[PDB]
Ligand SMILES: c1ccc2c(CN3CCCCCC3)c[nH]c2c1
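Take a look at this single chain in structure tokens; it is the form solved without this ligand.
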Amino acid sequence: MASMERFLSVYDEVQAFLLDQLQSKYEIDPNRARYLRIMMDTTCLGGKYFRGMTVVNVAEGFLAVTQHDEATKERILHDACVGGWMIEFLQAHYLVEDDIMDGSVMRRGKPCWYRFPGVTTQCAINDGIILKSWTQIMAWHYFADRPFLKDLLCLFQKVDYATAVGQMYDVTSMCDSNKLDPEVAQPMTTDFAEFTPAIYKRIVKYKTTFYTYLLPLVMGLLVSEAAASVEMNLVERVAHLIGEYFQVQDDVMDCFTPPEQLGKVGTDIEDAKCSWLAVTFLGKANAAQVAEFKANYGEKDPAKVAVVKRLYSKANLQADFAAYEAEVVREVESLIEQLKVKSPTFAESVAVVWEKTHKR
């Protein structure tokens, strides 16, 4: 069976399971079950399934070099699909909540969930809670007797928690640290002293790389019982590197990709986000460029946003990006090589993850 149709089939199975359970054990009525079915479909489906499919691809890699009964191959691939859906639903939780937090309009060319007319924020905040709760229900049901259950649940929590901490680093990225204070409304930075590579890297490492790259890779290893085929520090290092690159591309596209192609009107400039473009621009600007950037950044006014875009275009940030891209190619290839000392197969899965990231 091809991997993607397996993966999509298991979505239907897990949906049925969750909704059947709500009816037998949580007293749900058919109309609220329908509401939850629609919510799940709307929030979990229509992406590329990169994260969840990575769990399946890692597991397929190991299957090709490990002796197993056919039933065992099937069980492992079914666990990989379940595990992939936990990651997709964890993503779904964060997109629902982040779109409410950020007052976002669209996502993927469709309205954010909370903006649907029969949803509203009141329900959507709790729908997003449910999305994440479903990841646990899946796990406890499908993995109750599995030897990797403990390790999988402990990994998943950590990644969830890293993610939430990353969200805090992101939403507070335009504030001056020494001014954080629940009692006092937070001004935007005026010096941009915290728009540094190291501070950027911290935001991205926690907000994206743990759930997007580390967790799919390591879930593949756990459902395969293959964590001893790898040096976990190397898996972490490569995940964080690749994940950083992924976000740098997202940052660049928020600004320069046509909204119809983006799926989204990009607002990083108005939102005063600590983007790769802002940081890299500040890393090369002269005094006058820095002052013009300060006078225009983090303002809804379209005349000012267009000044920030003009500054970025004039500053030749494509040069810095190809330099960055070169260095990431270097380091990711070094790490892949180090990953072959213990697992050629695993290193090859990492290669494929890198290729899918480095092209899109």
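Numbering starts at 1 and runs along the sequence shown.
S.K.: Between 264-272 and 162-170, name whichever shows the higher mean Cα B factor according to the PDB entry.
M.R.: In the deposited entry, the stretch with the higher C-alpha B-factor mean is 264-272.
S.K.: Tell me which of 299-307 and 24-32 has the higher mean C-alpha B-factor in the deposited entry.
M.R.: Averaged over C-alpha atoms, the B-factors run higher in 299-307.
S.K.: Reading the B-factor column of the entry, which of 55, 63, 44, 329 has the highest value at its C-alpha atom?
M.R.: Of 55, 63, 44, 329, 329 has the highest C-alpha B-factor.
S.K.: Between 38, 59, 291, 335, let me know which has the highest C-alpha B-factor in the entry?
M.R.: In the PDB entry, the greatest C-alpha B-factor among 38, 59, 291, 335 is found at 291.
S.K.: Quick check for you: using the entry's CA B-factors within this chain, is residue 314 in the lowest, middle or highest third?
M.R.: Its C-alpha B-factor, which the entry lists for residue 314, ranks in the highest third among residues of this chain.
S.K.: How does residue 257 rank on Cα B-factor within its chain, lowest, middle or highest third?
M.R.: It belongs to the highest third of the chain when residues are ordered by C-alpha B-factor.
S.K.: What third of the chain does residue 14 rank in for C-alpha temperature factor, lowest, middle or highest?
M.R.: Its C-alpha B-factor belongs to the lowest third of this chain's values.
S.K.: Sorting the chain's modelled residues by C-alpha B-factor, tell me whether residue 108 ends up in the lowest, middle or highest third.
M.R.: It belongs to the highest third of the chain when residues are ordered by C-alpha B-factor.
S.K.: Residue 181: which third of its chain by C-alpha temperature factor?
M.R.: Its C-alpha B-factor belongs to the middle third of this chain's values.
Not on display, but discussed next: the form deposited with this ligand bound.
S.K.: Quick one: does residue 318 come within 4.5 Å of this ligand in the entry with it bound, counting heavy atoms only?
M.R.: So residue 318 counts as contacting this ligand.
S.K.: Is there a non-hydrogen atom of residue 167 within 4.5 angstroms of a non-hydrogen atom of this ligand in the entry with it bound?
M.R.: Answer yes; at least one heavy atom of residue 167 falls within 4.5 Å of this ligand in the entry with it bound.
S.K.: Is residue 139 part of the interface with this ligand in the entry with it bound - any heavy atom within 4.5 Å?
M.R.: So residue 139 does not count as contacting this ligand.
S.K.: Find out whether any non-hydrogen atom of residue 135 is located within 4.5 angstroms of this ligand in the entry with it bound, and reply yes or no.
M.R.: Flag for residue 135 set to no.
S.K.: Though the partner is not shown here, which residues of 182-217 have a heavy atom within 4.5 Å of this ligand in the entry with it bound?
M.R.: Heavy-atom contacts within 4.5 Å come from 207, 208, 211.
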